[PDB]
Structure formats: C-alpha cells, structure tokens
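Peer 1: Below: the sequence, then the experimentally determined structure.
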Amino acid sequence: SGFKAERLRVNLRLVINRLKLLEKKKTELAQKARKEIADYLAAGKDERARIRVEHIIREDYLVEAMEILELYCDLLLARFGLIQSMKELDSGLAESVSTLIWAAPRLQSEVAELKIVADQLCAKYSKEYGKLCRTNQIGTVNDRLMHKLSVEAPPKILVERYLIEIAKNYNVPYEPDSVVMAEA
Amino acid sequence: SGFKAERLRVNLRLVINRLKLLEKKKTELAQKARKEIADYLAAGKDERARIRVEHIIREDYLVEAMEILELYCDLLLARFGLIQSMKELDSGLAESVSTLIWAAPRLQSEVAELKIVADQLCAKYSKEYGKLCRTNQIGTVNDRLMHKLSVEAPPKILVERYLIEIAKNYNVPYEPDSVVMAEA
Amino acid sequence: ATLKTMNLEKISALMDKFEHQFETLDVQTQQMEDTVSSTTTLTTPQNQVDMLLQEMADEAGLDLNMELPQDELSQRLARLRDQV
Amino acid sequence: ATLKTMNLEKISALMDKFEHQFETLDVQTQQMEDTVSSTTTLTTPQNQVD
Amino acid sequence: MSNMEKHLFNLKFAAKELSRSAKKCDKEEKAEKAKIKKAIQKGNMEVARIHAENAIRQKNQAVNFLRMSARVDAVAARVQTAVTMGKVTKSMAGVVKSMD
C-alpha cells in the first residue's frame, strides 16, 4: 500500500497551517489590488479595469476555496480514528476525502503538502478510487468548491458589479456597460 | 510542440512590466518634443514643424498601441487556466492571441520578450495558425491596433490640427495651411 | 586614430545599447520591489498606512484625503487622434 | 555580461522562489510558537491573563 | 560547560537578541514618524507615503520580534529547569551510593 498514518496526520496539519497563512496573505493583497482598480477608474481606463477585476475575482474565489479545504483537512483530523480504524471508506468522510483528492492537482503549485495528503489517501483507499475522484466520476466531490476552482472567466455581470462597488467605496465616478447591465 | 506554460506565463508578466515603463517614458519624451515644435513655430520654420509633428503623432499612436497589448497580455494572464487546460483555442482568447502574434514582429525591436510570447503561442496552437495571424488572414486581429501600428504617414489634416493645438498651448502665432484646412 | 576606432556609427550603437540596458535594469528593480512588497504584505497593511497618513495630515492642517487615490494639451491631442 | 548571466526570466524565478521560501519559514515559526505555547500551557492559564 | 548549558546559553542569548531587535524597531518607527511630519509640511506626498509605510512596517516588525522573544524565553526557562534538575538528580544519585 505505502500508506503511513503519521505521514497523513503530519501533512494534514501542515496543510492547515499553510492555508491559514495564504488566506491572510491573499486577503491583504486584495486590499492593495482594489486600490489599483480605483486608480484605473480615476484615469478613465475602464476597459483595463475590467480585466484587472477578473484577477481579483479569481483570487477571492481561491480564498473561499482554501477556507473549504482547511475545513475538510480539520474534519479528517477530527475523525482520524475512523481513517486508521476501518479499511472501508466511511460515508461521513467521503466528501472530504474525494474533494481533497480532486483539489490536490489544482492547488499543488501553492500548497505542496496537499500533494502528499492526496497520495496518502490514494494509498489508504484504492488507486482506482483515486482516479474516480480526480475526474469526479465518483459523483461526491463538493460542487461549491469545484465552481470556485473553475478555469472559466467570471460572468461579465459580476465584473461590472465589482467595479460599481469599488467605484462607490473610493468615491470614483464609474458608468457600467449598459449592454451587460441589461442582462441583470 | 516545444510549448512550456511557465515560459509563456513568465514572459507575459515581463511584457506587461516593460510596456508599462515604455508608456511612461514615451509620454514624458512627448512633453519634451512638443516644446521643440513650439520653438520651430516661434522661429517661423513651419514646414519643418510639420515633419517633426509626424514623429510625435507616431509615438502617440505607439503609446496607445502599447496600452492595448498590455491589456491583452493581462487578459491571457487572467484566463491562463483556459490556455493550459484546453488544446483548442477558446473564442474569448482569439482576439488576444491573434493580435499578440501579429504585433510581435512589429514591436520586437523594443519589447524583446514579446517575441518569446508569440513563439510560445505559435507552439501551443499550430504554426499554420501562427502564419494566418501574422498576415491577418485569420480575420481576427484587432483593427484599432492595426491602424495604430500602420507604416503610413498621418493625414495632413491631423498634422495641421496638432500644430494648431500646440501653438495655442505655448501662445505661439501659427497660421495653418488653407489648402489642407479646406479638406476638413 | 580615436575617431577611427570609435566612429560616430559605433558611438550611436553604443549609446543605444547603453539606454536599452538601463531600461532592462529598471524592469528588473521594479520586479524586485514588487517581490519584496508582496513578501512583506502582512507587515504593512494598507489601512494602517492610510490611517497614519491621515493622522499626520490632520496634525499638519492639510485637507488632502489620504484614504482616497490622489496635461490639457495631452487630452486635446488625444481627442484629435480619435476624431480623425 | 551581467544581464546575460542573470536575465529577467532567471530573476523572475529567483524572486518567486525567495517569496515561497519565506512563506515556508513563516509556517515553520508558527508551529514552533504553537509547540512552545502548548508545552508551557500550565504556566500561563488563560483566565489569569484575562 | 555541559552540552545542555551550551544550548541554554544560546537560547538565552537569542531571546535577548530578539528583544533588542524589537527595541530597535520602536526607535526607528518613532524616527520615521518624525520624517512623515516634515514631508507633509513640504508637500512631498510621495516621500510622506514612503515614511508612512516604513513606520507601519516597523510597528508590526516590533510586535513580531517581541512575541518571538517571549517564546524563546519560555523555552529557555524550561531548559533551565532541565539543567538544574539534572544536577540535583546526579547529586542525589551520588549521595545514595556513598551512603550505601
């Protein structure tokens, strides 16, 4: 198998600590980035402000995804007894285990330990289950997290709404795209 | 193929930083150049002032073209997931990718990294598509950018209008060419 | 002798190179300064800097708002370019 | 010469690495600070500090 | 000097080095605040901002150094216990055998 329970336990703790730092850091970098949007709006460079807002939306979704994975790591730590007890997958862990396996190849650039967590879960359960997770053929990965780590561009109505609210907060004039706002 | 996603990502960032410097620098050099036009007008050397204004119009168009390419680089960075995900070209990236390929042989004198960006995009998509872009046989390159990087001389009515406005700002007498102003 | 081994064409080349390399070393310092800014992002939160600037401005008797972000010939010529 | 042996791509790489390694050394100090906090947990009871 | 006493000395030193680092940040944060004032009076708003960022960065560095200093001290206090109760245990083992 190659499964070592203390590898899984140690790395789940490391993943939580690293995600808790990245949430904080990426939240602060969004504060700095929203002022940059106001600067483009003040300069009347609205078409670039739209594209810079897509960066902020993606990092905001990412932070919300990190909060979900930090919760599923802490759930596996809370019910770690069941992992090392049974050989079958408990139904209460199914969402958590499948999601962490699905997320790992997306997040492994930033959270190196999450690669190791997924490896260990794919050792404890079958390599086959480990494949059904990565494709969500298993039909168990958390939908709300899959949405937040999608590669698609934001809805253009969201981009406009972001600009409107940033414009308000920094007291900068902005007029949204009527062609987009008609789709509301 | 020879396509490396991290080569494309790193160079897109470099292109943006370099274009942001060139915009600033070329804007400041236009301030210095417009005073030189006023000096020729004060000296009554209007026929040379016309030819020196064509330099300023071309650098002004170039700065506006740089602002467009900096926007398309930031769009590919914003939707970089789609690039490394699919093997087909997404329709939302088509303008951006074709334009960057078209612009590269024009701009590669100043922005060396933009050569590398175009090489990588011509590796990711086909070499054939890479040729259809350079000729705009692909019918997708951004028109407004192609206009701004045209090699043709400005309309002589624009040259006169530039001189008129520079003359006003520096409080220098100027009388425009009636033969040209009749074409307004 | 010197004007042979450093002719004006060779000087023109040298000068252009000199300038282009300093454009590079400016792109380089920019991206070092942005690497340090993001690495130390938690040590200087934006709102604490904005509030300190406002506090120092209040003590100086200066009405300029420090939370908010802070010529015509350029705008005239811009309009001309679009109008033709 | 210097811009060859340290080109902007190589600098970009170096800078990213620099940042990622300081993210690591922050995860490390966090877990040292939590090891000391739990080891000395009886010397500083919460209610006495409050 | 025992091998633990060498470690104890190094930890006690590191706790002080951190405490000094925190004081130095308080000193420099006070100095940068003085420079903001001058820059505002001269209307140098870009320089005012540079000093503002320094001042806020040293305010927060100080707190970090001060908190680490506290942690390293707590450790050193506990290694001190080990050093002392080592010596006591060896003395009492000696007593037990000489009385035996």
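Peer 2: Sure, I can see it. Residues are numbered from 1 along each chain as shown, chains lettered A, B, ... in the order given.
Peer 1: Measure how the lengthiest helix in chain C sits relative to helix D:8-39, angle-wise.
Peer 2: In chain C, taking DSSP state H as the definition, the longest helix is helix C:8-39. If you take axes from the mean of the first three to the mean of the last three CA atoms, to 10 degrees, helix C:8-39 sits at 20 degrees to helix D:8-39.
Peer 1: in the helix or strand just after helix C:8-39, what's buried?
Peer 2: Going down the chain from helix C:8-39, the next helix or strand is helix C:46-60, by DSSP states H and E. The neighbour-count check on helix C:46-60 (16 or more other CB atoms under 10 Å in any protein chain shown) flags C:46, C:48, C:49, C:50, C:52, C:53, C:54, C:56, C:57, C:60 as buried. For the C-beta atoms, the positions are set from N, CA and C on the backbone; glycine is no exception.
Peer 1: distance of the first one from residue A:33?
Peer 2: Applying CB to CB, to the nearest Å, one obtains 10 Å for the distance of residue C:46 from residue A:33.
Peer 1: The longest helix of chain C and chain B, are they touching?
Peer 2: Yes - judged by CB under 8 Å from any CB of the partner chain, helix C:8-39 and chain B are in contact via C:23, C:26, C:27, C:30, C:31.
Peer 1: ok, of these, which come out buried?
Peer 2: Looking at the residues of helix C:8-39 next to chain B with 16+ other CB under 10 Å, the buried ones turn out to be C:27, C:31.
Peer 1: Can you lay out the residues of helix C:8-39 next to chain B as a markdown table showing distance to chain A?
Peer 2: Shown next, in a markdown table, are the residues of helix C:8-39 next to chain B (distance: CB to the nearest CB, whole Å):
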| residue | distance to chain A |
| --- | --- |
| C:23 | 22 |
| C:26 | 20 |
| C:27 | 19 |
| C:30 | 15 |
| C:31 | 16 |
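Peer 1: Tell me the one of the residues of helix C:8-39 next to chain B nearest chain E?
Peer 2: residue C:30 (15.8 Å; CB to the nearest CB).
Peer 1: quick one on the thing from earlier: could you dump the buried residues of helix C:46-60 to CSV with distance to residue A:143?
Peer 2: As requested, the buried residues of helix C:46-60 are arranged in CSV below (distance: CB to CB, whole Å):
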residue, distance to residue A:143
C:46, 34
C:48, 38
C:49, 40
C:50, 39
C:52, 44
C:53, 44
C:54, 44
C:56, 49
C:57, 49
C:60, 54
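Peer 1: Kindly provide the distance from the closest residue to residue E:16 other than its chain neighbours to residue C:76.
Peer 2: Using CB to CB, 6 or more residues apart in numbering or on different chains and skipping the chain neighbours, the partner closest in space to residue E:16 is residue E:69 (7.8 Å). As defined by CB to CB, residue E:69 lies at a distance of 61 Å from residue C:76.
Peer 1: The buried residues of helix C:46-60 also near chain A: which ones?
Peer 2: Within the buried residues of helix C:46-60, those near chain A by CB under 8 Å from any CB are residue C:46.
Peer 1: Remind me which helix or strand residue A:137 belongs to.
Peer 2: Assigned by DSSP H and E, residue A:137 belongs to no helix or strand.
Peer 1: how about the residues of chain A near chain C?
Peer 2: Taking CB under 8 Å from any CB as the contact definition, chain A meets chain C at A:24-25, A:28-29, A:31-32, A:35, A:38-39, A:42, A:170-172.
Peer 1: Mind doing that once more with 10 Å?
Peer 2: Contact residues, chain A versus chain C (CB under 10 Å from any CB of the partner chain): A:21, A:24-43, A:169-172.
Peer 1: Am I right that residue A:57 is in contact with residue A:152?
Peer 2: No - using CB atoms under 10 Å as the test, residue A:57 is too far from residue A:152 to be in contact (11.2 Å).
Peer 1: Compare these two (neighbour count), which wins?
Peer 2: Neighbour count, other CB atoms under 10 Å in any protein chain shown: between residue A:57 and residue A:152, residue A:57 has more, with 17 against 12.
Peer 1: Please list all residues in contact with the more buried one.
Peer 2: Neighbouring residues of residue A:57 by CB atoms under 10 Å, 6 or more residues apart in numbering or on different chains: A:30, A:153, A:154, A:155, A:158, A:159, A:162, B:78.
Peer 1: Repeat the analysis, applying 7 Å as the threshold.
Peer 2: By CB atoms under 7 Å, 6 or more residues apart in numbering or on different chains, the residues touching residue A:57 are A:154, A:158, A:162.
Peer 1: Can you give me the buried ones in the one helix or strand it maps to?
Peer 2: Residue A:57 is part of helix A:46-78 when elements are defined by DSSP H and E. Within helix A:46-78, the residues that qualify as buried by neighbour count (16+ other CB under 10 Å) are A:48-58, A:60-63, A:65-66, A:68-70, A:72-76.
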